[PDB]
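Working notes, beginning with the structure itself.
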Amino acid sequence: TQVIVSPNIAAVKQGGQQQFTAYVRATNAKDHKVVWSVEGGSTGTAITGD
Amino acid sequence: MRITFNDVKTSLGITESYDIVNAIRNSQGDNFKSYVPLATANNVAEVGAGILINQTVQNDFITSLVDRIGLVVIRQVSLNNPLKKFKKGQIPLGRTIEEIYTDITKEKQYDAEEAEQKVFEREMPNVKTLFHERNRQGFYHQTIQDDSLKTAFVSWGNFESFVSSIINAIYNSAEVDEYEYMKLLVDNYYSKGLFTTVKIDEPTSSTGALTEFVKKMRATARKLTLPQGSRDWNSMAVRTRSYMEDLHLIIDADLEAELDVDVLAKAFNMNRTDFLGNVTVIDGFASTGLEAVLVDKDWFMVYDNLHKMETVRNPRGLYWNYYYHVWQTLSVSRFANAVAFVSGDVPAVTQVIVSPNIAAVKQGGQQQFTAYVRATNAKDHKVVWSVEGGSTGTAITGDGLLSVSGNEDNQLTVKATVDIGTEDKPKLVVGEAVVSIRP
């Protein structure tokens, strides 16, 4: 039904880092894999699988 | 500190299903007809879910510069650990707890002829001990920006409300961590194989399986409280008994609803098909096959050594730091009964217990050892005895009698092994004991 990112508004400096966690609202007993991405628009910014 | 927001909408984690906003417009005699007479329904539908990002001063690192709110409310909740009732007292000084238990002796045969030469013979009282040590030391750290947050609220009461919320969050974190630490003891005990396992099919698969589980639980509870006692339900293999008022059952939340809807809502005189001991409801265990655990009140051996809070002030950063220190001992008593109901695929043998775990013999002495095999099935298993001291002349017989050569000086280890695996791939369950040698 939905995916909730625990930090919904974040503010970081240029050289800072942030951590995000995802909660998936599933109506079944299955486990669903999440994929992380960034829609900034410039290089030098990345996100890992965690 | 320079923060600018634009091109952002209130659709962070929103997955709209069928858009009643347009359903009301294109409502041709459906269930949405009642909302047609409403005039200003579009605004309510647009902003009735709560806005995370207000249009004036949307969000920023510190919310002190700009404030425009007609009413601010602070939500505050408190969390507690239901297992707090299982905690013992406090230990201000010292580190180790020693627990002592003396067992029963064996009966000898009357012999007047033999009694005339051993009236001064000796017989040890068969005592066992175990020790518990402090093993948890932690703290919770939280910083508050006193002066940066004084401006953020136009009212003083809001500022004390926020500070109280932070302190309550610290205490709730401590409570949740304590609950998890207490729950970890059962999982660790099951992992090490020190529980007494009873096999069940599945508590929630069907009503028949639920009734079978209830019957097994009641039979086990009856067996745990017999006056004569038994040594089949504690991990030290010591003859002991428990009490019904001291027996506690820990189950999941779904099972309670299953039971009270399937049997308790349809059975006359429902005391005949209900749980026997004290029931505690938790959110399940982390092990694959654990459904329920029945333990004695003395099974838990948890104490607390330190509980304190300290504060420091940083003037350059202009803030406060709070540290909450908690030190505890978390252990379990192997002398108490502890049965676990497992609905998976248990191994054939869980453990082997050697009754004398510590022994001290001289260079010409002898010792007798006993092995108890915790088998979950009705099959019979043969134990094999060995001694790995390394010095020749010392040997242990098949019945468990160890004899020491007159000339050897090293610490011996006595091993009782059971083979449960198949050929070409053996699986050994091993019990061990330590023997010291005197000159």
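Each protein sequence line maps, in turn, to chains T and X. For what it's worth, the authors' numbering labels the leading residue of the first sequence as 350, then goes sequentially. For what it's worth, the authors' numbering labels the leading residue of the second sequence as 1, then goes sequentially. Virtual Cβ for every residue (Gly too), placed ideally from N, Cα, C.
Under 8 Å between beta-carbons, which chain X residues line up against residue 350 of chain T? List them in chain order, please. The residue you call residue 350 of chain T lines up with position 1 of the first sequence. Result: 15.
Just by C-beta distance, which residues in the region 358-384 of chain T are closer than 7 Å to chain X? 358 and 360
So, do the region 414-432 of chain X and the region 346-364 of chain X have three or more beta carbon pairs nearer to each other than 8 Å? yes
Just list the beta strand (DSSP E) runs in the region 238-280 of chain X, keeping only unbroken ones of 3 residues or longer that don't cross its boundaries, in chain order. 247-252
Which same chain residues, not among the five before or five after residue 202 of chain X, have their C-beta less than 6 Å away from its C-beta? Translated into positions along the second sequence, residue 202 of chain X becomes position 202. Non-local C-beta neighbours of residue 202 of chain X in its own chain, meaning closer than 6 Å and more than five positions away in sequence, comprise 209 and 343, ordered along the chain.
Using three-state DSSP, classify residue 32 of chain X as helix, strand or coil. Taking the first residue of the second sequence as 1, we reach residue 32 of chain X at position 32. Note: residue 32 of chain X maps to helix in three-state DSSP.
Along the chain, where does the alpha helix (DSSP H) that runs through residue 422 of chain X open and close? Taking the first residue of the second sequence as position 1, residue 422 of chain X is located at position 422. Counting along the chain, residue 422 of chain X falls outside any alpha helix (DSSP H), and DSSP gives it neither H nor E.
Rank X:264, X:127, X:147 and X:73 by C-alpha distance to the C-alpha of residue 207 of chain X and give the top, closest one. Along the second sequence, read from residue 1 onward, the residue named residue 207 of chain X stands at position 207. When each option's Cα is compared against that of residue 207 of chain X, the closest is X:264.
Listed from N- to C-terminal order along the chain, which residues in the region 52-64 of chain X have their beta-carbon within a distance smaller than 9 Å of any beta-carbon of chain T? Listed in sequence order: 52, 53, 58, 59, 60 and 61.
Considering only C-alpha positions, which residue in the set X:199, X:250, X:55 and X:364 is nearest to residue 8 of chain X? Stepping through the second sequence from its first residue, residue 8 of chain X is reached at position 8. Residue 8 of chain X has its Cα closest to that of X:55, out of X:199, X:250, X:55 and X:364.
Exposed or buried, residue 248 of chain X, counting other C-beta atoms within 10 Å across all chains shown (16 or more means buried)? On the second sequence, residue 248 of chain X is found 248 positions in, with the first residue counted as 1. Counting Cβ neighbours within 10 Å, residue 248 of chain X comes out buried, since at least 16 surround it.
Range of the contiguous alpha helix (DSSP H) that encloses residue 147 of chain X: As a working mapping, residue 147 of chain X is identified with position 147 in the second sequence. Start and end: 146-150.
Are the beta-carbon atoms belonging to residue 302 of chain X and residue 88 of chain X less than 8 Å from one another? For the purposes of this step, residue 302 of chain X is identified with residue 302 of the second sequence, where counting begins at 1. For the purposes of this step, residue 88 of chain X is identified with residue 88 of the second sequence, where counting begins at 1. Contact annotation: residue 302 of chain X and residue 88 of chain X have beta-carbon atoms nearer than 8 Å.
Can you pull the chain T residues whose beta carbon is under 7 Å from the beta carbon of residue 3 of chain X, in chain order? Here the question's residue 3 of chain X lines up with position 3 in the second sequence. What residue 3 of chain X touches in chain T: 360.
Contact with chain T by residue 12 of chain X, beta-carbon distance below 8 Å: Along the second sequence, read from residue 1 onward, the residue named residue 12 of chain X stands at position 12. Residue 12 of chain X counts as touching chain T.
Residues of chain X with a CB under 9 Å from the CB of residue 354 of chain T: which are they? Start at 1 with the first residue of the first sequence, and residue 354 of chain T comes out as number 5. In chain order: 12 and 13.
Check whether the region 238-255 of chain X touches the region 277-285 of chain X, taking contact to mean three or more Cβ pairs, one atom from each stretch, closer than 8 Å. yes
The alpha helix (DSSP H) enclosing residue 156 of chain X, as first and last residue numbers: Along the second sequence, read from residue 1 onward, the residue named residue 156 of chain X stands at position 156. 156-192 is the extent of the alpha helix (DSSP H) around residue 156 of chain X.
Identify whether residue 313 of chain X lies in helix, strand or coil by the three-state DSSP scheme. In the second sequence, counting from the first residue as 1, residue 313 of chain X sits at position 313. In this structure, residue 313 of chain X counts as strand in the three-state DSSP scheme.
Please say whether residue 150 of chain X and residue 443 of chain X have beta carbons closer to each other than 8 Å? For chain X, the structure presents residues 1 to 439; residue 443 of chain X sits outside this window and is missing.
Once you ignore the five residues that flank residue 351 of chain T on each side, which residues in its own chain have a CB closer than 7 Å to its CB? Locating residue 351 of chain T in the first sequence gives position 2, counting from the first residue. Closer than 7 Å at Cβ, skipping near neighbours: 374.
My output table needs one value for residue 98 of chain X: the three-state DSSP class, helix, strand or coil. On the second sequence, residue 98 of chain X is found 98 positions in, with the first residue counted as 1. Note: residue 98 of chain X maps to strand in three-state DSSP.
Residue closest to residue 41 of chain X, alpha-carbon to alpha-carbon, out of X:23, X:57, X:58 and X:300: Residue mapping note: residue 41 of chain X aligns to position 41 of the second sequence, counting from 1. Among X:23, X:57, X:58 and X:300, the Cα nearest to that of residue 41 of chain X belongs to X:23.
Nearest CA to the CA of residue 142 of chain X: which residue from X:118, X:15, X:313 and X:71? Taking the first residue of the second sequence as position 1, residue 142 of chain X is located at position 142. The candidate whose alpha carbon is nearest that of residue 142 of chain X is X:313.
Would you give the residue range spanned by the alpha helix (DSSP H) that residue 432 of chain X belongs to? Residue 432 of chain X sits at position 432 when you count from the first residue of the second sequence. Boundaries for residue 432 of chain X: no alpha helix (DSSP H) harbours it, while the beta strand (DSSP E) harbouring it runs 428-438, taken from the DSSP string.
Tell me which same chain residues have a C-beta within less than 7 Å of the C-beta of residue 319 of chain X, skipping the five on either side of it? By 1-based counting over the second sequence, the position of residue 319 of chain X is 319. If we look at residue 319 of chain X and ignore the five residues flanking it on each side, its Cβ neighbours are 143, 144, 145 and 146.
In angstroms with no decimal places, state the Cα-to-Cα distance between residue 113 of chain X and residue 402 of chain X. Against the second sequence, residue 113 of chain X aligns to sequence position 113. Against the second sequence, residue 402 of chain X aligns to sequence position 402. Between residue 113 of chain X and residue 402 of chain X, the C-alpha separation is close to 28 Å.
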